[PDB]
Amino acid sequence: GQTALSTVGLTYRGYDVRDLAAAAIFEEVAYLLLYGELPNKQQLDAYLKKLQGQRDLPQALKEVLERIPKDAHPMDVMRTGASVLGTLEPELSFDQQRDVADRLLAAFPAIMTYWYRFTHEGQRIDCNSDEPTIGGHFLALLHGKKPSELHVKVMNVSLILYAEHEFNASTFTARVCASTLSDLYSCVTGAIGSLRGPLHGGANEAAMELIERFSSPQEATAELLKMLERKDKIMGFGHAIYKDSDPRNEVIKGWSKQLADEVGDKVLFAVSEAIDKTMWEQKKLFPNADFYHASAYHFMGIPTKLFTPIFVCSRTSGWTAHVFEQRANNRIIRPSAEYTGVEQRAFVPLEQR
């Protein structure tokens, strides 16, 4: 397998994810990955109007989401949505592949929030908003009110930071499916299922369950030192590839702080900083992208169980772009198994078992 999409701090087709998150809206980054370049003002203006037109859900899909139980795993909602949308607006040929990628990016916010608000608040919601960005549109659908400019900014920053990350289990699942020449909806449905597993997804959710235990930074440091001596895994720390830092941590940390200031938080961000300082002093371990993402989402009023669903809204851009590469250059390992079972044996009839 070859890729021109990203490499390890972290670049997207040569561009530092830090520069992108500072100076770009998510749509500029989705365009870069799916279409090959940062878009000029004409292309960006056309792109934005195309996506603003792809936000509403078909009536049949609304009626399906209404039958998924309130207590369902939200990732099964995202899986089921992608699967049903594939039967209503099919990818008849690979010529439609960029149009379908765009449709998923524009619709996923409505699939999540139409289900959530129907089952939790008993409202059937309008799936269009007045926000021109996906990041704003999401917050408009989730809370049914105009978001603050700060909260629209932090949503755009998060979608950019998580958009693409080389190869991992979900991106690999998308490529294996792609390699049989299956449709784009299959490759996304499979990638969502792999992300559902707790060894791959749920990290920012687990970071949130850790920081929410502690009523002060004193109590947090005191309890962390006990966990570290007990050799407990600490969620949000360490990486398989980076060694000095995760470029994405740099960025989200500073936005989480501005949100703490905005909402007059006294506990949650202070607790996060105490854990971050302690991990460096005791283990020289830097925090990864998931750690400060949890406080930031919480400060914008997002239910913990929607964190990994928001990652799907972002990483759909990387996944689809990987499928386009696999279709154009269909190279991948073909797996064999080591047989460890029994030797060949005679058939035994029912009466002798």
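Numbering starts at 1 and follows the sequence shown.
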message: Can you tell me how many deposited residues have no coordinates between residue 8 and residue 9? The categories are none, 1 to 3, 4 to 9, and 10 or more.
response: 4 to 9
- request: Look up the CA B-factors in the entry and say which stretch, 311-319 or 294-302, has the higher mean.
  value: 294-302
query: On average, which has the higher Cα B-factor in the deposited entry, 125-133 or 68-76?
result: 125-133
task: From the list 187, 181, 267, 159, select the residue with the highest C-alpha B factor recorded in the entry.
output: 267
- prompt: Highest Cα B-factor in the PDB entry belongs to which of 164, 149, 102, 205?
  reply: 149
- request: Rank-wise, by C-alpha B-factor, drop residue 339 into the lowest, middle or highest third of its chain.
  value: lowest
- prompt: Among the chain's modelled residues, which third holds the C-alpha B-factor of residue 345?
  reply: lowest
query: In terms of the chain's CA B-factor thirds, is residue 95 lowest, middle or highest?
result: middle
- request: Taking the chain's C-alpha temperature factors as the reference, tell me which third residue 284 falls into: lowest, middle or highest.
  value: highest
message: Can you tell me whether residue 226 has a C-alpha B-factor in the lowest, middle or highest third compared with the other modelled residues of the same chain?
response: middle
